[PDB]
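What follows is each chain in one-letter form.
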Amino acid sequence: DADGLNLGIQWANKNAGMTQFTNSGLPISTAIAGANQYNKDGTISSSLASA
Amino acid sequence: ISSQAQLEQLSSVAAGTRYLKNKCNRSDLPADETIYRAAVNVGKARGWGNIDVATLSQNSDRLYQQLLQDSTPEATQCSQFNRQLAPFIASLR
Amino acid sequence: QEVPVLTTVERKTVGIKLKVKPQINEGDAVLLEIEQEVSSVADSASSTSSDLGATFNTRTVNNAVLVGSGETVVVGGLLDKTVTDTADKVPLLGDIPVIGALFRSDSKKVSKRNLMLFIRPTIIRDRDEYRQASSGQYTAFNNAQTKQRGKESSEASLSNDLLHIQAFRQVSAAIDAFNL
Amino acid sequence: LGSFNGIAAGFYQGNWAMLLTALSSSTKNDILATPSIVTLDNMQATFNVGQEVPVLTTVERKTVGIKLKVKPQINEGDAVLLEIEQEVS
Amino acid sequence: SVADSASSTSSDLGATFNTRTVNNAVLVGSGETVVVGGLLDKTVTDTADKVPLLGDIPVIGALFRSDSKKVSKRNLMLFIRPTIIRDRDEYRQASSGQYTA
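- In its metadata, the entry names cryo-EM as the structure determination method and reports 4.3 Å as the resolution.

## Overview of the interface of chain D and chain C
Working step 1: Contacts between the two partners involve 33 residues from chain D and, on the opposite side, 37 residues from chain C.
Working step 2: Regarding the contact of chain D and chain C, the summed buried area is about 2,900 Å², with carbon and sulfur atoms giving 52% of it.
Working step 3: Sorting the residues of chain D by area buried against chain C places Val38, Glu52 and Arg61 of chain D first, and these three jointly supply 17% of that buried surface.
Working step 4: Taken together, the connections running from chain D to chain C amount to zero salt bridges.
Working step 5: Residue assignment for the side of chain D that touches chain C shows that the elements contributing at least two residues are strand 3 (24-29), strand 4 (34-37) and strand 5 (45-52) of chain D.
Working step 6: The leading source of residues in the side of chain D that touches chain C is strand 5 of chain D, at eight residues.
Working step 7: In terms of residue class, the side of chain D that touches chain C is made up of 17 nonpolar, 12 polar and four charged.
Working step 8: Note: strand 4 (residues 58-63) of chain C against strand 5 of chain D, five bridges, orientation antiparallel. Residue pairing in the sheet places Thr60 of chain C in a bridge with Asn48 of chain D of strand 5 of chain D.

## Focus on the nonpolar core
Side chains of a nonpolar character, in soluble globular proteins, are inclined to be buried together.
Working step 1: Among the nonpolar cores identified, the biggest contains 30 residues, and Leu10, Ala39, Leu56 and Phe88 of chain B are the most heavily contacted of them.
Working step 2: Listing elements by their share of this core, those giving two or more residues are helix 1 (4-23), helix 2 (32-45), helix 3 (53-69), helix 4 (74-84) and helix 5 (86-92) of chain B together with helix 4 (168-178) of chain C.
Working step 3: Other than its neighbours up to four places away in sequence, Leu10 of chain B contacts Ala39, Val42, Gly43, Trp48, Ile51 and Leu56 of chain B together with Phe178 of chain C.
Working step 4: Counting 10 residues, the second largest nonpolar core, distinct from the first, contains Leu32, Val61, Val73 and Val75 of chain C.

## Concerning the packing of helix 1 of chain B against helix 4 of chain C
Working step 1: Between helix 1 of chain B and helix 4 of chain C, whose axes approach to 8 Å, the crossing angle comes to 115°. For the crossing formed where helix 1 of chain B meets helix 4 of chain C, the hand is left-handed. Only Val171, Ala174, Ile175, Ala177 and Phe178 of chain C of helix 4 of chain C make contact with helix 1 of chain B, whose side of the interface consists of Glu8, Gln9, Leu10, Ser12 and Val13 of chain B.
Working step 2: Across the contact of helix 1 of chain B with helix 4 of chain C, the residue classes tally to seven nonpolar, two polar and one charged.

## Things to note about the arrangement of the chains
Working step 1: Across the six pairs of chains that are in contact, the largest number of contacts falls between chains C and D.
Working step 2: A minimum C-alpha distance of 15 Å separates chain B and chain E, which share no contact.
Working step 3: Between chain D and chain E there is no contact, and the shortest C-alpha to C-alpha distance separating them is 15 Å.

## Focus on the packing of aromatic side chains
Working step 1: Under the criterion given, the structure shown has seven aromatic pairs over all chains.
Working step 2: On the basis of an interplanar angle of 80° and a centroid distance of 5.1 Å, the ring pair of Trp11 of chain A and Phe103 of chain C is categorised as edge-to-face. Of the two residues, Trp11 of chain A sits in strand 2 (residues 11-12) while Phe103 of chain C sits in the loop between helix 1 (97-100) and strand 7 (105-119), which places them in two different chains.
Working step 3: A relative accessible area of 42% means that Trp11 of chain A is categorised as partly exposed.
Working step 4: Owing to a relative accessible area of 18%, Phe103 of chain C belongs among the buried residues under this scheme.
Working step 5: An aromatic cluster is defined as three or more aromatic residues linked by ring pairs; in this entry it consists of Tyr19, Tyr64 and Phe81 of chain B together with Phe168 of chain C.
Working step 6: For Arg46 of chain B, the ring lying beneath its charged end belongs to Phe178 of chain C, and the centroid distance is 4.1 Å.
Working step 7: If you follow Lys12 of chain C out to its NZ or CZ, it ends over the ring of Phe56 of chain C, 5.4 Å from the centre.

## Focus on the pattern of salt bridges
Working step 1: As enumerated under the stated definition, the model contains 11 salt bridges over all chains in all.
Working step 2: Measuring nitrogen to oxygen at the nearest pair gives 2.6 Å for the salt bridge that ties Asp32 of chain B to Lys21 of chain B. With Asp32 of chain B in helix 2 and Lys21 of chain B in helix 1, this residue pair connects regions lying 11 residues apart in the sequence.
Working step 3: By relative accessible area, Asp32 of chain B is classed as partly exposed at 30%.
Working step 4: Of the charged contacts in the structure, one is a salt bridge between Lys108 of chain C and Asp85 of chain C, with a shortest N-O distance of 3.3 Å. Linking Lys108 of chain C in strand 7 with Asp85 of chain C in strand 6 (residues 73-89), this pair joins segments that are 23 residues apart in sequence.
Working step 5: Residue classification places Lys108 of chain C among the partly exposed residues on the basis of a relative accessible area of 42%.
Working step 6: The class of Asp85 of chain C is partly exposed, set by a relative accessible area of 22%.

## Details of unusual backbone geometry
Working step 1: For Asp43 of chain C, which is not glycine, the phi dihedral falls at a positive 65°.
Working step 2: On the secondary structure map, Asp43 of chain C appears in the loop between strand 3 (34-37) and strand 4.
Working step 3: In this structure, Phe17 of chain E is a non-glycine residue whose phi angle is positive, near 55°.
Working step 4: Overall, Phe17 of chain E belongs to the partly exposed group, its relative accessible area being 34%.

## Comments concerning a nonpolar patch on the surface
Residue and element names in this part refer to chain E.
Working step 1: A contiguous nonpolar surface patch, about 820 Å² in accessible area, is contributed by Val51, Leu53, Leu54, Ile57, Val59, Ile60, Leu63 and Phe64.
Working step 2: Within the fold, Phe64 resides in the loop between helix 1 (58-61) and strand 2 (66-80).
Working step 3: The exposure class assigned to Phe64 is partly exposed, which follows from its relative accessible area of 36%.

## Comments concerning the interface of chain A and chain D
Working step 1: In this assembly, eight residues from chain A lie in contact with 10 residues from chain D.
Working step 2: Of the roughly 610 Å² buried at the junction of chain A and chain D (both faces included), carbon and sulfur atoms supply 41%.
Working step 3: Contact with chain D buries area across many residues of chain A, yet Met18, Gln20 and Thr22 of chain A alone supply 61% of it, more than any other trio.
Working step 4: Where chain A packs against chain D, one counts zero salt bridges.
Working step 5: If you look at where chain A meets chain D, you find four residue pairs in polar contact.
Working step 6: When the residues that make up the side of chain A that touches chain D are grouped by side-chain class, the tally is three nonpolar, five polar and no charged.

## Here's the deal with the pairing of strand 7 of chain C
For a regular strand, side chains alternate in direction, first toward one face of the sheet and then toward the other.
Working step 1: Here strand 1 (residues 2-8) of chain A runs beside strand 7 of chain C; their pairing, made up of seven bridges, is antiparallel. Each residue of the ladder has a partner; that of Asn6 of chain A, found in strand 7 of chain C, is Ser107 of chain C.
Working step 2: Sheet analysis places strand 6 of chain C next to strand 7 of chain C, joined by 15 bridges and oriented antiparallel. Following the sheet pairing, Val83 of chain C is matched in strand 7 of chain C by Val110 of chain C.

Rules used throughout
- Residues numbered from 1 in each chain as written, not as in the entry; some residues may be left out.
- Chains lettered and ligands numbered in written order.
- Part of a larger assembly, values for the part shown.
- Heavy atoms only, no water.
- Contact = heavy atoms within 4.5 Å.
- Buried area = accessible area lost by both parts, 1.4 Å probe.
- Salt bridge = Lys/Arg side-chain N within 4 Å of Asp/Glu carboxyl O.
- Helix = DSSP H or I, 4+ residues; strand = E, 2+ residues; numbered from the N terminus.
- Nonpolar A, V, L, I, M, F, W, Y, C, P; charged D, E, K, R; others polar.
- Pairing = 2+ DSSP bridges.
- Core = buried A, V, L, I, M, F, W, Y, C linked by side-chain atoms within 4.5 Å.
- Buried < 20%, exposed > 50% of the residue type's maximum accessible area, 1.4 Å probe, protein only.
- Axes fitted to C-alpha atoms, helices over the stretch in contact; angles between N-to-C directions.
- Left-handed = near helix turned anticlockwise from the far one by under 90°.
- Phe/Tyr/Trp six-rings, centres within 6.5 Å; stacked < 30°, edge-to-face > 60°.
- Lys NZ or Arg CZ within 6 Å of the ring centre and 35° of its normal.
- Patch = residues over 30% accessible without salt bridge, like charges linked within 9 Å, V, L, I, M, F, W, Y side chains within 5 Å.
- Areas by Shrake-Rupley, 256 points an atom, 1.4 Å probe, with all protein chains shown as cover.
- Polar contact = N/O pair within 3.5 Å; in protein donor to acceptor, adjacent residues only side chain to side chain.

Set out below in C-alpha cells:
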C-alpha cells in the first residue's frame, strides 16, 4: 500500500514578481506561454507545453 | 419430464426418510404412511399436480430397496442421508 | 512462466518454486528443509539498456524446522513502512499556519509492507487416514470453485464419485435436485 | 527559466533595477525493516526480499534488497551466538 | 503451453512457456482416487485518486473519486489412480469399459 498527497499555488504579474514551483508538474511558463500564444494565435497551438 | 421428475424427487425423500427411521435410529420420524403424506404435502406446497399416493408408495419402495442393496457402508449412508433429508424433516414437523 | 535472459542465453523460471524434504522422527514430529520463492516480473519502467530487460521481483526462504503433526507454524516474516517528505517555501513566509499556508508547496508520500510465512504438515498412515485428507481437502477446492458461478461439472462431479469410494448415487442425486 | 524555483520581484524606476532572490527547500526520508525467521541451531538459514537486476560484467544476475542471514548457536541454558550479516540495498 | 499475447521478446528468443511441473513418490491402494498436488490463490489490487478534501460525502461526493479495481482467482488440483490387472479376464473389463468411456 502507498499513500501520497501534494499541494501548492503559484502567482504571476507583469509588473510584479514570479512564484514558481517545478515539482508541481507545471511552471507559470506554461501559463504565460499558454495564453499569449493562445490569444496571439487565437487558439491552441501544439507548441505549448506537452506536459 | 413433466410428471416423472416430481414423482422421483418425492419418492427419493420418502424412501430416504424411511431408511433413516428404520436403519439409522431416527425414531423421531413418524410412520411410513405419515412420511408418504409429508412427501405429498411438499409437492402440494410447490403447486405440483396431484401426485397419486399409491404411485408414490410403489416408486418409494423401489428406491428404498436400492438404498438397502447398495454396497455403501451403513455409517456413510446414514450420515449422507441425515444431511440430505434435513430440510425435508423440517417440513414434515 | 519461463523467460530467457541473455547470459547466447538460457532458460529462466519465474513463479512459486516450493521444494522440501520431510523426515518423520517421533510418533508425531517432522523435519522440513524447505526452500521457495514467489517471483514475478513487473517492468512498469526499469533499467533495460537494450541488453537484458528484467526485474525479477523475488522473495526467497530456506531453513529447517521441527514441527508437530497437525500444527500451524510461523516460519518467516517481514513488516515495513517507508515515508518521505518534500517541502519548499519562500523564506520568512508561510509562517502563519492559517494564513501563510498560501506559500508552502508540499509533497508527501508513504509506503507500508508486510510479509508472512506459514507451514503445516499432516502425517498419513494408511487408507483410512487418507480418505479424510483427500476428500476434505478436495471439498476445500470445490468451496471456492462453486463459490461464485453455479455451473454443473462433468469432471468435478465424476471425480467426487471417485473420492466417495450405484443406487445411493441415484437417491442422493434426486434429493439434491429437489433442493434447488 | 524552465528550471528556476522561488520568487523574484520586478522593479523599475528610471535608470535602475533590482532583483531579489531566495528560496527554502527541505527533504525528509525514513525507512524501517523488521524481518524474522526460525531454524535449527547448526544449519544456517538465509532470507532476502527485493528485486534483481543485471549489470554488464555478457552480464550476470544481481540482487538488491534485504539479505539477512545468520547462524545460531545455543550454548548455556539461555544464551546464543549470531554470526549475522546483511544489507539493505 | 505458450501464450504470447504480449511478452518480453527482444528480437532474441520469443517465448513464455507457461508451465506447471510436479514430481514425487507415493504409496497407493489398487482402486483409489488420490489427491497428489494442489494450488488455490486469489490476487486483488486497487487504484484510487481524488481531489483532496472532496469526494468525502459518499452519496454526493462520489463525483470526484476515480476508481480502478480488479481481482484474479486461481486453483489447481492433481489426482492419480492406478488399477492392477492380473490376467485376461481382468483385462477385458478394463479395456472394454474404458473404451466405452
